[PDB]
S.K.: 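Below is one structure. I have some questions about it.
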Amino acid sequence: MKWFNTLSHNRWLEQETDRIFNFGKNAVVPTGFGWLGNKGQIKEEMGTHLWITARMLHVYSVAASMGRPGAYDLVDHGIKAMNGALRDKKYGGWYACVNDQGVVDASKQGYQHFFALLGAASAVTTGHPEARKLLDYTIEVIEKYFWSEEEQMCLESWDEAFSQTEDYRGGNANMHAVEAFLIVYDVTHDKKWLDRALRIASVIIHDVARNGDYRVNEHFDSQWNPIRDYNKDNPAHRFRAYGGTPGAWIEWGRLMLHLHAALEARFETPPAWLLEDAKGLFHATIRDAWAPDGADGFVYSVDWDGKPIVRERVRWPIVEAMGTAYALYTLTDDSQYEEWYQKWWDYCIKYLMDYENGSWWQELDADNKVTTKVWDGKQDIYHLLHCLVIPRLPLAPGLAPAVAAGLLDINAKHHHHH
Amino acid sequence: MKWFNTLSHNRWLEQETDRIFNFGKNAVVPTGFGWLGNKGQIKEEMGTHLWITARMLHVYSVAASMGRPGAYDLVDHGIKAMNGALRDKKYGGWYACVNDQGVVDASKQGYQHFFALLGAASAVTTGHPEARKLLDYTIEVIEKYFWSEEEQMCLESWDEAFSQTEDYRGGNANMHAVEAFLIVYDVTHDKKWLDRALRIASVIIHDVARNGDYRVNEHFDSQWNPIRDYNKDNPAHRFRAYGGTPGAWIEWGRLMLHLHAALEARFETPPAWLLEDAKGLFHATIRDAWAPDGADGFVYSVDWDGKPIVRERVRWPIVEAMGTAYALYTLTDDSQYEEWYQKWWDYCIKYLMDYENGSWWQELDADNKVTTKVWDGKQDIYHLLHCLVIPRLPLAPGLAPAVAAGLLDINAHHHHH
Amino acid sequence: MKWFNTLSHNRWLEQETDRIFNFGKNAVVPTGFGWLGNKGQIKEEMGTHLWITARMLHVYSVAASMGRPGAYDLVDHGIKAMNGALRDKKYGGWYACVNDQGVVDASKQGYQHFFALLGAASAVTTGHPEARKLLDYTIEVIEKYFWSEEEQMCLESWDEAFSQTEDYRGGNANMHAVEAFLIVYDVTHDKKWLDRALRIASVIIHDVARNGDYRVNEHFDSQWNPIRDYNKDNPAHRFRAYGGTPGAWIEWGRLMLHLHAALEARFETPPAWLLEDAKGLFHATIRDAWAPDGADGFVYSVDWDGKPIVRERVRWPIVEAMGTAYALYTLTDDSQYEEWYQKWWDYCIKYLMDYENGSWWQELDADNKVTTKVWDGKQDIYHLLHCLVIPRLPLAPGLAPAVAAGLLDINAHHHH
Amino acid sequence: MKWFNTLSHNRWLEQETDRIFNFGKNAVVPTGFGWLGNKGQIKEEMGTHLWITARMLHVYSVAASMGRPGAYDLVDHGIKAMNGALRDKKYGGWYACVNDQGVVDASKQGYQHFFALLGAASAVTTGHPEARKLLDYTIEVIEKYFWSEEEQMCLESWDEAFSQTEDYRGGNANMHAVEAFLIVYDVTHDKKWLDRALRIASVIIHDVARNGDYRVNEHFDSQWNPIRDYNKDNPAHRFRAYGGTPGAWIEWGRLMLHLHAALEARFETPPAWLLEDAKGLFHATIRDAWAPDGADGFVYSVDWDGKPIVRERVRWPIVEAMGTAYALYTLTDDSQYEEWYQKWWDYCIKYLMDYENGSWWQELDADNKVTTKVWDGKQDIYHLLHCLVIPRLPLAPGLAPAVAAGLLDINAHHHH
Ligand SMILES: OC[C@H]1O[C@@H](O)[C@@H](O)[C@@H](O)[C@@H]1O
Ligand SMILES: OC[C@H]1O[C@@H](O)[C@@H](O)[C@@H](O)[C@@H]1O
Ligand SMILES: OC[C@H]1O[C@@H](O)[C@@H](O)[C@@H](O)[C@@H]1O
Ligand SMILES: OC[C@H]1O[C@@H](O)[C@@H](O)[C@@H](O)[C@@H]1O
């Protein structure tokens, strides 16, 4: 069965994408974007998070490029929010969480600042007259506090006043740095952004993960030595789970293929390890995490021997798996990847898609029934673009640049025989 | 006005197709696919029919090839049903009807086995790893019990244990054999299937129908002699109506054009009678059955002088008419066929389409008001692909193969030359 | 940001178009098309208006050409209606308004007859076997009573019997004559239709509007001299507002560019003033009417110095502005026009589109909140095709002909 | 076998088209275009003929629209020529033939003036700044002297001073009037040219030819009564052959289908007889004139019982047959027309194409061997566009307009 690069499948994806764009519109709050619950209501107690606001700015940049009325107003809202309450006008950068009445979390989180970077870079592709100013400012914050020239890797977090950095180094924030750096590169061609991306991946993936059967180590000390037992007593942490989180492995895989494609796009032969390691991560994710416990789905985390720990099926791991299947199919022409993509789509409509309340469920238990454990509500639509829009685009340039360039369905041009 | 081979019209068709796919999803039951009612609910008392289950397997094969998440799971469900409760594990083939408790109708119905053949052949086009095995098994059953080598025609039915065949021969079962054989040909490229289809059409249409003003005779004895009086006392029978059923005539017309196109595809000149007789069937259907009684719509049945008998407007006849209009337009380029297609679409949205309760009504009275008489519920969506998907495809290969091949919209200043 | 001539934007446009076609279907009544309210219900007390019936005939002609089942039945219904109760079978032409009991308004309104002409011409593009007959008759009525050979302009209205014409000449009726004449030209090529359209535009726009900073004068006496203070006492009139109605200025702009494109289509160099004056009208509209009073949106009317009078934001002016932005973008390649189009789409979804009850609101107050003041319900869908379908087509031939020709998306990018 | 609307066939067509364009370029002379011989040199003794200069103006208009460097210079050359020595500044219109020291044939030939009209209308499609002026003037001459309002038909010829008209009416000149009128229509979108074309075809074809087994009568007296024995003593005349000339019958067929398509293009139902009679003419041409005498090819003339008179195979009849086969295929979708087109292409390359000396031979004997009898030289490339370019275009608008519109290969399969 052929779905990739078919207009019939791609029309289905677009129509679902519009349903998703509609869901996120409910998140608009004066200081940015709020946290949506299971019925698409704002959970006011959660306030305005930096990472959510930046993600929505990115999402509505893509929607704007797709020619959807109202989306550009959300881009504008996003850019205003990044210049408003979220912005620390004393020490620079952005607070982690604010609301109409003040700052709740003033800390300076690297993970969230890389999303700020992605949001600004994607906003630039819309031509919004204030987007490039925002990007330039974000670059200054990143280079001052979050890219380490000494370590040639990303730092994790600081206090409000940028006086003390966290005694921890994280694969997760570094992963989203790679993601953001790809798009910054697409809207600058300052070579350093791609160089930095390759460097980060070489350390986290080609060195550490590859040497552990492609089980990505996320937690390191300040000297970049793995802390294997980090969070052993808080294993279901939302951002720093104990052990391996296979959803991240497979996401890394796709990011490495965007890097491969960006190198190809400047007529450079990419290093072979990008594709090799992307295959490795994909294979490892299925090996350990797909249906390991008597029911379909991807578990949330595994121990260092591949045994599941948190068995809940969170939404984003399978969504990322679908994106990576597409990226691997694109580079390999191997139908096995398409078969996995299809299998996962069937699972998604069966268990995760929520036509009744809107969007998709965020989390299921080990029997694939809606649960509340790891998460609380439906606060994200950003990951969904990776299974809804990415499969309609080349791998270079990246998501927002490629949509703005008019590349949707560009490759959808007798597929049962040769 | 141009609709055929326009992306605007074809987009509308696709959007309606998705509405129809959605309606059929609630038919899923442990033993296969159940019988949906007017509001999309399962009518439990009807059980799990072989023909319905096989048709759904076919429909969701097309949906799967169209890239709809969930459709492949329904293909898988259908294949499991065909390997499970519906399959006669003792004597082979498939029971006509089952439920959770056991067998409701143990008979071995040719009509329904030809749908099993279609369903398996369409499933093959999805690449499902169990589909070819199913097709192989279905072919074995068909050649053992339902294609007669001596008659060079299809048998009608057997009892559960295949001890004796029915003393009756049917144009209806044979029509759906042609339909299935076309698709088996597409997934085998073995001319024997097309040889058989052409042979069947040559007897029922080119001989008997053509010599009867294109009024197709459906009921025959075992020597393939017409029984003109069959079911006089049960005229509104769902599968064996008394007299002629014009919806069937026009359906035969399309099938003959698929056959024509299949021959052309391998650079063989089709016999001229396929097109000639398709024209005759289409014309005769309009002649006897279109608006014959002071209101629009196709009547269900007519006597041998063309006079209406059962005057209800059932859904499938007009749907088939629309499919045949497309096929004839494709072969002739004659705009009259497109005009009919358009007129029929307008009728369908006015009277048949049911946006309130789902799908389309199954049956209307002679004033085009919803009724319950010949039928009971909304158990079919298979026919609707003939007015929704067929117009988006060439005539060769057939429906499911062509969608799998990526041919949707391939043919799409058209107000002048 | 690129939207014009992109399949992603055009798909969004088509899907909204279908939503709009669905809303109008509820307007069917035995005598034509009735007046839809905010819920898509018929407002029976409004009866069956000639202008509404003719507009719906036009709208469903386009829907039919787009391959929508049922639309042709609505064309058929409109044609029957134009041969039924609405037709004055005694004196000729069509009554302004009828109902199931008889004639409500027997007068013969030029404005509404030009819509009859448009409807018939659009219907011809469907091939409906009674459409050409309707067009031919409509042309006869227009040439007898509405196109003046002595004035080389359109007359305004008459009594039922066509015995006395109104002592008034109108820019508004003449504008919609231009619109109708373009489509009659498309389905005939009697040159006179384009000649007449150019003549009308040359008087109302090139002479009078251009000389008044592109503020179109609508109200004239029988000698075609402006009546500047017409309807001072009734400034929010639905068809003859006091002063300038900027939505009409921008509508004139687009029509002139359809005229331009028609001339190009036959390998003729169009007169330069069509584009020059389209630019002038567009600019003047932004200058006087866009967000002139501390909130977004187009006001309804302005005085002769460009100051707002009626500040309500009616639906059709912004819808027409979007159409004209597309036309100007097409001719100039200047992205400022695309930027305006996008800005206005954002405003429309924010304030005008009504996904709850259907269609779009007809009218908002000066703070962009839905109101009832100038208008009453949701009786029109015709204008919406100018921001939904027009951006998917070339400028020649016109709307219904172009859709019938299969030209949707024919023209459908961050660097050179 | 499928050729029509295939890119592979159309590429072959374009490549031959370029070889043909190249051959014509040597015809440039100071006063217009000269008469090319068998090896592509100028037959200087023939001087500059109006019909040749006008045809070359048309051909290079098409070449220019196709983006061939040098072609526009020839369009400019042709326009200058039509304003130079060929132009009668005293009495108006154009002399039939001039040379570098004066007028050779001062007569005012209708046949040649309809080609002047075609050449000007085609030149307008290139946007050359002097082309519209030329067309406008040519129209004035045609309407003064060559279209008769009284007869509703075209006259044949006049003396230099337009004092007396020839006591003769010709189906040939009228055929080329139809041809020219189609293109004038295309660059004016004005009804009257099509009305005139339809009227002309209705008389020559629907009345006279249809009632004589589709054998077109060409020679008429001043009352439009046939002269059946005209040119009995000069049967092989180049423009007025005795009896019927089947090449002309099949050419009429295509022109009627361009007429049909033009009507369709403005959403008008064309009269059924255009297609009926086009089929009739095509069939009759094969019936009487295709391989009638034991070898392939179309004879030049037949008598009124269909028997061949002049048996030479001149180039243009089969070239026109091929164009008509395309037009009939386009309207009917009947493969028999494509089969004939293919058969004729095979004959053309076997016997007519001249890769050695350039272009195609003008004339063969009854055994398909190159001969000199009816004609002398290779002065024409105009007909060749009817088998080289026409099969790559829709039937409306006509040749030069369609190429200028970007329509080449727009329509470009073993089963249904
Ligand atoms: O959407 C939130 C999730 O995003 C993924 O890419 C990872 O960064 C996870 O750690 C995180 O919980
Ligand atoms: O959908 C069921 C119908 O299918 C048609 O093709 C015919 O076989 C009818 O006899 C039958 O009732
Ligand atoms: O839709 C109704 C409106 O149409 C516009 O084009 C103008 O004619 C207005 O005066 C009128 O109120
Ligand atoms: O090319 C010259 C020829 O052109 C044809 O169309 C006819 O007019 C002939 O009579 C003429 O000899």
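Order of appearance sets the numbers: ligands from 1, and atoms from 1 within every ligand. Values below: all heavy atoms of this structure, side chains included; hydrogens, waters and symmetry mates excluded. Chain letters run A, B, ... following the sequence lines, proteins first and then strands; every chain starts at 1.
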S.K.: Provide the number and element of each atom of ligand 4 under 4.0 Å from a heavy atom of D:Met175.
M.R.: 6 (O)

S.K.: Tell me, please: is A:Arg55 in heavy-atom contact with ligand 1, that is, under 4.0 Å?
M.R.: yes

S.K.: For the residue pair D:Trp375 and D:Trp35, does the interplanar ring angle fall in the parallel (under 30°), tilted (30 to 60°) or perpendicular (over 60°) class?
M.R.: tilted

S.K.: Nearest heavy atom to atom 3 (C) of ligand 4: which of D:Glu179, D:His383, D:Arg315, D:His237 does it belong to?
M.R.: D:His383

S.K.: If the cut-off is 4.0 Å to any non-hydrogen atom of C:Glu251, which atoms of ligand 3 fall inside it?
M.R.: 5 (C), 6 (O)

S.K.: Does ligand 4 have an atom under 4.0 Å from some heavy atom of D:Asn172?
M.R.: yes

S.K.: C:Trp375 heavy atoms, cut-off 4.0 Å: which ligand 3 atoms fall inside?
M.R.: 12 (O)

S.K.: What protein heavy atom sits nearest atom 12 (O) of ligand 1, and how far away is it?
M.R.: A:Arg238 O, 2.6 Å

S.K.: Nearest to atom 9 (C) of ligand 1, what protein heavy atom do you find, and at what distance?
M.R.: A:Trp316 CZ2, 3.5 Å

S.K.: May I ask you to identify, for D:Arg240, whether its side chain, its backbone, both or neither come under 4.0 Å of ligand 4 on a heavy-atom basis?
M.R.: neither

S.K.: Does A:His176 come within less than 4.0 angstrom of ligand 1, counting non-hydrogen atoms of the residue?
M.R.: yes

S.K.: Out of A:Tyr242, A:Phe239, A:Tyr168, which one pairs with A:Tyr230 under the ring pair (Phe, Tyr, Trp, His ring centres under 6.0 Å) rule?
M.R.: A:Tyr168

S.K.: Hey, is the main chain of C:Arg313 close enough, under 3.5 Å, to the side chain of C:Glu363 for a donor-acceptor pair?
M.R.: no

S.K.: So, D:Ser301 side chain and D:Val310 main chain: donor-acceptor pair closer than 3.5 Å or not?
M.R.: yes

S.K.: Regarding A:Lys378 and the six-membered ring of A:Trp361, is the cationic atom NZ or CZ under 6.0 Å from the ring centre and inside 45° of its axis?
M.R.: yes

S.K.: Check for me whether C:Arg315 meets the cation-pi criterion with C:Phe298, that is, NZ or CZ under 6.0 Å from the six-membered ring centre and within 45 degrees of the ring axis.
M.R.: no

S.K.: Let me know which of D:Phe33, D:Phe115, D:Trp51 forms a ring pair (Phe, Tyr, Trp, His ring centres under 6.0 Å) with D:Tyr382.
M.R.: D:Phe115

S.K.: Take every heavy atom of A:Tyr382, measure it against each atom of ligand 1, and state whether any distance is under 4.0 Å.
M.R.: no

S.K.: When A:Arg240 is tested against each of A:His219, A:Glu218, A:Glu156 for side-chain hydrogen bond (donor to acceptor under 3.5 Å, both in side chains), which residue passes?
M.R.: A:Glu156

S.K.: Just which atoms of ligand 3 are under 4.0 Å from any heavy atom in C:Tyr111?
M.R.: 2 (C), 3 (C), 4 (O), 5 (C), 7 (C), 8 (O), 11 (C)

